[PDB]
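So that the names make sense, note that chain A is the first sequence line, chain B the second, and so on, each numbered from 1.
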Amino acid sequence: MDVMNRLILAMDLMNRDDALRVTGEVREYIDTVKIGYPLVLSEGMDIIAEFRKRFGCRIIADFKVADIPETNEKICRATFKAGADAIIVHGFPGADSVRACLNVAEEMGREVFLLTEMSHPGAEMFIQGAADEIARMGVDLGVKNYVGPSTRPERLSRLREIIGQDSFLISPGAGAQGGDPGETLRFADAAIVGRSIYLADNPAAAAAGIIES
Amino acid sequence: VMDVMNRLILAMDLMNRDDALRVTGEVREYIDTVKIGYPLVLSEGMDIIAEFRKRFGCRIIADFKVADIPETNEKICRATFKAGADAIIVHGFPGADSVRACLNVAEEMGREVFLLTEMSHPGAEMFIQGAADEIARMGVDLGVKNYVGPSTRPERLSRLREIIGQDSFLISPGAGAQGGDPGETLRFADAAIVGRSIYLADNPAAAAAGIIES
Ligand SMILES: O=c1cc(O)n([C@@H]2O[C@H](COP(=O)(O)O)[C@@H](O)[C@H]2O)c(=O)[nH]1
Ligand SMILES: O=c1cc(O)n([C@@H]2O[C@H](COP(=O)(O)O)[C@@H](O)[C@H]2O)c(=O)[nH]1
């Protein structure tokens, strides 16, 4: 995959007008946008095709898919039908749940990103202890795209070693959650940034500043 | 605690409105509580929740397996309750702060959180099962009153019940298609969730009727 400026916008605004306007403003700086459930559940899945058509951007659907295989398949199918280029899936529910997603991505010519460890404090309770094994499970299944935490650079480093130099790694937690984009890009191929941009008085200037740093 | 007709909850995972509405209507004499997940909601829109409530007067549990950071979890729950969901299902594996974020919105809006503690599919054994008892205890310690556990593992279901106590409400999927037995499940769970065994049946009402008979 090819990503402008190693910066991915997390568009978690919950009304269409704001989300489109803000994404528009930073569109000279980004060609890849992560859209999650806050926006999709508020405005409908049709919002994905709207972003793609208005901006010509790649869309990663951050749905943290975490169900049984059968339901995971349905979720991925509906999501790819709506135009998503990729979908983010949790690894914690195990290999069968991940493979169900890989199957649909294969069928429809799209991509799965495997989420291995999360960035928030609660992640240390159960996810962190499982993270290396989750990443290894992904590698062994031919997963090529991964998500790991900006907030824990040493953890981000280990993930990189596990997945190797040929895998693609994106990383949220930069900005609002305390992660540094520069430090994050020592290990990750792109940094995901949400509030620091979309809550900014001038999102273009916020994006501009991140890129300069 | 809430009240559920026939200890049977319909998992409505059909992905078009027409079919989902028709099938639900036909088993409606047997059920006042319907679980709606992302297969239907992403295909037909969140407005489908209020549609079920108005057409059938049923309770709706939004099975969204919420599994994000606290800030995002809060937004997901807000959007979901705004759309009329009576309850939302949340994963416990992302930890306590992510669960509490959901509990906060549920408190605010006067709705309910169900905590998913162990899952029913084979892959659940890789990571979730090892953590399931602690996830359940985490829920209890936070005042969670509503839980989801697996029909496919009665002995695991039995352990969950011990942890959460006799006053907690426990619902359980994996009955039917995944191999769980509704009868055995209700030794420990207050209600059994059933999807395909009903909605994929030639005669949905007959299928539901048969399950209730057993
Ligand atoms: O480990 C995780 C995985 C996520 O996808 N996310 C997500 O990435 C985004 C981060 O946004 P923000 O920059 O405002 O902190 C959100 O949309 C969020 O749900 C997270 O913050 N940490
Ligand atoms: O541990 C889990 C948790 C779930 O909510 N579910 C869900 O409950 C349902 C089961 O449907 P079915 O009876 O067709 O197997 C689905 O909607 C599914 O996503 C599961 O089967 N096992």
Could you tell me which non-hydrogen atom of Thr184(A) sits nearest to which non-hydrogen atom of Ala191(A), and how far apart they are?
CG2-CB, 4.4 Å
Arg17(B) and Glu44(B) ion-paired at < 4.0 Å
yes
Could you tell me whether the side chains of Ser120(B) and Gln178(B) share a donor-acceptor contact shorter than 3.5 Å?
yes
Is a salt bridge present between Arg59(B) and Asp3(B), judged by a nitrogen-to-oxygen distance below 4.0 Å?
no
Over all atoms of both residues, closest heavy-atom pair of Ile61(B) and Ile171(B):
CD1-CD1, 4.1 Å
Hey, are the side chains of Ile8(A) and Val193(A) touching, using non-hydrogen atoms and a 4.5 Å cut-off?
no
For the residue pair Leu42(B) and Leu41(A), what are the closest heavy atoms and their distance?
CD2-CD2, 4.3 Å
Atom CG of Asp140(A): over 12 foreign heavy atoms under 6.0 Å:
yes
Should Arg54(A) and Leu20(A) be marked as a side chain to side chain contact (heavy atoms under 4.5 Å, CB included) after you check the CA-CA gap, both sets of side-chain angles, and the distance that decides it?
CA-CA 9 Å; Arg54(A) 295 179 182 236; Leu20(A) 289 175; 4.1 Å; yes
Exceeds 12 heavy-atom contacts within 6.0 angstrom, atom CG of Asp18(A)
yes
Do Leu170(B) and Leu157(B) have side chains that get closer than 4.5 Å, going by heavy atoms?
yes
Does any non-hydrogen side-chain atom of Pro172(A) lie less than 4.5 Å from one of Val147(A)?
yes
Between CG of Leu7(A) and CD1 of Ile30(A), what distance do you get to the nearest 0.5 Å?
7.5 Å
Using a strict 4.0 Å threshold on nitrogen-to-oxygen distance, state whether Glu25(A) and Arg21(A) make a salt bridge.
yes
Pairing of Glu133(A) and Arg136(A) as salt bridge, 4.0 angstrom limit:
no
With a 4.5 Å heavy-atom cut-off, do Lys34(A) and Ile88(A) have their side chains touching?
yes
Going by an N to O cut-off under 4.0 Å, is there a salt bridge joining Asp133(B) and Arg156(B)?
yes
Taking side-chain hydrogen bond (donor to acceptor under 3.5 Å, both in side chains) as the cut-off, I'd like each qualifying pair that reaches into residues 188-211 of chain A, sequence neighbours left out, listed once.
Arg160(A)-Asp189(A)
Which pairs, with at least one residue in residues 16-46 of chain A and sequence neighbours excluded, count as a ring-ring contact (aromatic ring centres under 6.0 Å, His included)?
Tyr37(A)-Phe63(A), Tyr37(A)-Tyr38(B)
Are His91(B) and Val66(B) close enough that some pair of their side-chain heavy atoms sits under 4.5 Å apart?
no
Looking only at heavy atoms, which two atoms of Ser167(A) and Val143(A) are closest? And how far apart?
OG-O, 4.3 Å
Do the non-hydrogen side-chain atoms of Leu115(B) and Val99(B) ever get within less than 4.5 Å of each other?
yes
Electrostatic pair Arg77(A)-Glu107(A), nearest N-O below 4.0 angstrom
yes
So does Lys144(A) pair up with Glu111(A), basic N to acidic O under 4.0 Å?
no
Residue pair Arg7(B) / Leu186(B): nearest heavy atoms and the distance that separates them:
NH2-O, 3.1 Å
Smallest separation among heavy atoms of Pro70(B) and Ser98(B), with atom names
CD-OG, 3.6 Å
Working note: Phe52(B) + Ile36(B), criterion side chain to side chain contact (heavy atoms under 4.5 Å, CB included); need CA distance, chi angles, decisive distance, verdict.
CA-CA 9 Å; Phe52(B) 270 64; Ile36(B) 295 189; 3.8 Å; yes
More than 12 heavy atoms from other groups under 6.0 Å of CG on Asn15(A):
yes
According to ring-ring contact (aromatic ring centres under 6.0 Å, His included), does anything in residues 122-168 of chain B pair up with another residue at least two apart or in another chain? List the pairs.
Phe92(A)-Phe127(B)
In plain terms, say whether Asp62(A) and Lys64(A) are close enough for a salt bridge, that is, a side-chain N and a carboxylate O under 4.0 Å apart.
yes
So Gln129(B) and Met119(B), do their side chains get closer than 4.5 Å, heavy atoms only?
no
Salt bridge or not for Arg99(A) and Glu73(A), using N-O below 4.0 Å?
no
